Amino acid sequence: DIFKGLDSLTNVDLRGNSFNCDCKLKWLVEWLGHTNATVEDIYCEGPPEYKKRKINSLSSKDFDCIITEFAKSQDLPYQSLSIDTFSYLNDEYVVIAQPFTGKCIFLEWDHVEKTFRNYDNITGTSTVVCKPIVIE
Amino acid sequence: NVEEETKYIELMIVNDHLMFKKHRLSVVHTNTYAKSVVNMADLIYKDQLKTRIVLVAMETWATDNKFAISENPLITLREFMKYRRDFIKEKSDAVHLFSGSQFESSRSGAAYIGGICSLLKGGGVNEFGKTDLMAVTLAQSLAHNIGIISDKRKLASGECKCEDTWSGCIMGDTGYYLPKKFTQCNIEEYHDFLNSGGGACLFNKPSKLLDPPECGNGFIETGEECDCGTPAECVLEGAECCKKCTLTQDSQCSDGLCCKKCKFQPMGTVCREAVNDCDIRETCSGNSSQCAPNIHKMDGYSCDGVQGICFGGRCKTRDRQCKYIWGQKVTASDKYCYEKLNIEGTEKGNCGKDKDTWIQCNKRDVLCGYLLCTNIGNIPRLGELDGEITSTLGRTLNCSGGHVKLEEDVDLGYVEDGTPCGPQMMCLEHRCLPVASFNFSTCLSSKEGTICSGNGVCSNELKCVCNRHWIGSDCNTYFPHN
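Structure follows, in structure tokens:
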């Protein structure tokens with residue numbers, strides 16, 4: 157998005173200038189969906205997925221860079237050794253074994269507040285594993 | 233007391249070539265590895281047992297194994313112990329084998345129960361494993377050698393259990409996740425063993441270690457005139473005695489019971505009261521900070537007028553045999569069962585262990601045959617039952637016996653060798669024999685048929701310890717002193 161730093165503009169020239177049309181450069185294509193000024197599109201030679209055509213004709217879906225990160229939702233205070241999940245009754249339950257307690261805990265996802273809800277527990281001395289298997 | 237005193241177990245490690253090759257043939261790596269394992273085991277033992285395991289020496293075979301190596305822990309343990317008897321001579325409380333041959337058994341390491349401070353029993357075998365793994369194995373084996381074992385009867389009855397219920401305790405099968413705490417019955421067995429007189433060679437401080445001179449390591453080693461330890465713990469004990477491994481102006485001690493308030497205590501003080509009649513009280517020499525060397529009644533001395541004999545400082549009676557084998561509530565039966573079962577019978581009275589044709593016992597003496605006790609419980613404290621416990625019923633007595641085994645070929649079901657049958661009449665090879673069978677030595681005596689000129693008792697080192705105001709070596713001259 158270096159282009160938008162300047163406010164007023166009427167002409168930008170692209171001729172004989174090499175490029176590598178990747179996801180990071182994808183913004184240009186997105187900017188090419190908003191551009192109005194007099195511009196001539198030239199060839200781009202980056203990834204081989206992009207052939208000898210014009211960048212303005214590109215679509216943002218040709219670059220398939222899906223940014224994936226992780227958002228923290230720390231709520232469970234209890235310690236754990238084995239965490240294993242299994243689909244059952246159209247609700248994939250998460251089963252957790254708590255050390256030093258002998259407690260096996262069951263969590264079910266609910267859409268009330270976008271979390272997992274504890275609903276059941278097991279008796280034990282010091283849990284190590286709680287391998288869940290559903291058969292019949 | 234003696235229990236509260238800091239025990240010093242002189243351990244020497246024998247290492248085979250399997251783990252030497254597994255350690256890239258490096259001598260120094262194996263040496264430092266053994267040092268680290270010894271330090272880790274000492275850290276284990278310091279929390280409760282108050283016992284420091286001093287690595288006096290260690291031998292690792294860079295060439296190859298001398299004797300036959302088998303996956304059987306018992307056979308390999310026997311081979312290691314006989315090799316120690318044949319070749320190893322240096323003084324060491326425990327001789328432990330790091331077995332490169334990983335035993336194909338379920339138990340981690342094989343160590344005799346209560347076998348420490350013995351030439352043919354003082355140690356065990358620990359198989360190959362991880363640093364922490366064989367450290368735990370060594371701790372378990374040394375607990376075995378000092379008589380500390382998991383109590384099967386209390387395990388079944390729930391009398392005492394592991395307080396580290398998370399991952400169990402060390403005495404059980406070695407789980408991956410090590411615990412940090414021993415049970416109270418471990419310590420109770422330790423007091424019972426030390427009070428019985430066993431483990432009397434653990435009360436000496438070695439002057440030479442495998443560790444270079446290190447200030448504050450708890451041992452007065454070469455190059456250190458005094459050592460009170462790190463000044464953090466030096467405040468409680470020996471604050472004014474030794475500082476920074478150096479004396480504080482006029483001083484004569486660093487630690488030790490024979491030196492109170494950093495100054496010499498009066499002559500004649502008892503730095504160690506006798507645990508029983510088999511033990512001899514120790515008096516400070518008058519110029520030595522550390523207590524007198526442990527001295528016990530010489531092997532053959534009776535715990536009482538006739539019954540019982542002190543072997544290695546440990547009392548042995550028929551009642552004591554029943555207590556060790558079966559339990560405290562179990563006591564030896566009367567002569568009625570001995571003369572009514574050992575004379576003739578299968579599985580009830582037998583001199584020698586022969587399943588096909590049981591060995592007959594004569595009427596002259598029946599006290600070395602089948603060990604017969606009173607009110608034997610469902611399971612013994614240690615060992616295994618060869619079949620079922622024998623039960624046999630004017631006076632009526634609840635008569636019982638068994639065939640308790642051990643990790644050794646010796647059978648605890650019978651009467652142990654040396655149990656008295658009468659005047660100088662004690663068990664040898666499941667038979668009552670005189671002293672001439674054992675060939676006990678005669679201490680320094682001047683009269684005829686006496687010990688230490690009559691008045692006085694000979695210690696375990698075959699040296700007379702004369703009574704009060706008797707300075708002569710053979711208890712012959714009286715020297716009054718104040």
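Protein chains in written order, with full-length UniProt numbering: chain A, 157 to 292; chain B, 233 to 625, 630 to 718. Where is the CB? At the ideal position from N, CA and C, for every residue including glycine.
Asked, Found
"Under 8 Å by beta carbon: chain B residues contacting A:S282", "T397, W398, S399"
"Per DSSP, cross-strand counterpart(s) of B:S636", "B:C605, B:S623"
"Cβ distance (whole Å) where B:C392 is taken to contact B:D405 below 8 Å", "With 8 Å as the limit, B:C392 and B:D405 do not qualify as a contact, their Cβ atoms being about 18 Å apart."
"Given B:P659 as reference, the closest of B:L599, B:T238, B:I591 once Cα atoms are compared", "B:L599"
"Outcome for B:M530 when other beta-carbon atoms lying within 10 angstroms are tallied against a minimum of 16", "buried"
"Continuous beta strand (DSSP E) stretch holding B:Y650: start and end", "First-last for B:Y650: undefined, no H or E at that position."
"Identity of the residue in B:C394, B:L370, B:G619 nearest B:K587 by Cα", "B:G619"
"Between the CA atoms of B:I301 and B:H376 - distance to the nearest angstrom", "23 Å"
"Helix, strand or coil at A:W265 [DSSP, three-state]", "strand"
"At least 3 beta-carbon pairs within less than 8 Å: the segment 634-647 of chain B vs the segment 606-618 of chain B", "yes"
"Every unbroken beta strand (DSSP E) within the segment 325-382 of chain B, with a cutoff of 3 residues, ordered by chain", "326-331, 341-343, 355-359"
"Given B:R504 as reference, the closest of B:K572, B:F435, B:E469 once Cα atoms are compared", "B:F435"
"Cutoff 6 Å; reference B:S623; Cβ partners in own chain excluding five residues on either side", "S636"
"Nearest-angstrom Cα separation, counted from B:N712 out to B:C394", "56 Å"
"Neighbourhood of A:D231 by C-beta, 8 Å cutoff - its chain only, sequence neighbours within 5 removed", "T271"
"Cβ shell of B:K353 (< 7 Å), same chain only, five flanking positions each side left out", "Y344, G347"
"CB of B:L250 within 8 Å of CB of B:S333, strictly", "yes"
"Whole-number beta carbon distance between B:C491 and B:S534, since they are thought to touch under 8 Å", "That pair is no contact at about 36 Å."
"Those runs of the alpha helix (DSSP H) which lie wholly inside the segment 391-432 of chain B and span at least 4 residues", "416-428"
"Residue-level contact to chain B via CB, A:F256, 8 Å cutoff", "yes"
"Cβ contact check for the segment 451-467 of chain B and the segment 310-325 of chain B: 3 or more pairs under 8 Å", "no"
"Distance cut-off 7 Å: A:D231 Cβ against heavy atoms of the ligand HEM", "Questions concerning the ligand HEM fall outside what the structure shown contains, since it holds no ligand whatsoever."
"Three-state class that DSSP yields for A:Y234 in the structure shown", "coil"
"Alpha carbon of B:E697 to alpha carbon of B:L669, nearest angstrom", "24 Å"
"Inter-stretch contact at 8 Å, needing at least 3 Cβ pairs: the segment 247-263 of chain A / the segment 280-291 of chain A", "yes"
"Buried versus exposed, by CB contacts within 10 Å (16 or more), A:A253", "buried"
"C-alpha distance - B:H328 paired with B:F715, whole-angstrom precision", "46 Å"
"Beta strand (DSSP E) runs contained entirely in the UniProt domain \"LRRCT\" (173-223) of chain A, provided each spans 3 or more residues", "194-196"
"Close beta carbons around A:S213, own chain, < 8 Å, minus the five adjacent residues each side", "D197"
"Minimum C-alpha distance to B:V368 - residue among B:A326, B:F414, B:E336, B:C349", "B:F414"
"B:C679 to B:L243 span [Cα, whole Å]", "30 Å"
"Contact check, B:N427 vs B:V502, beta carbons under 8 Å", "no"
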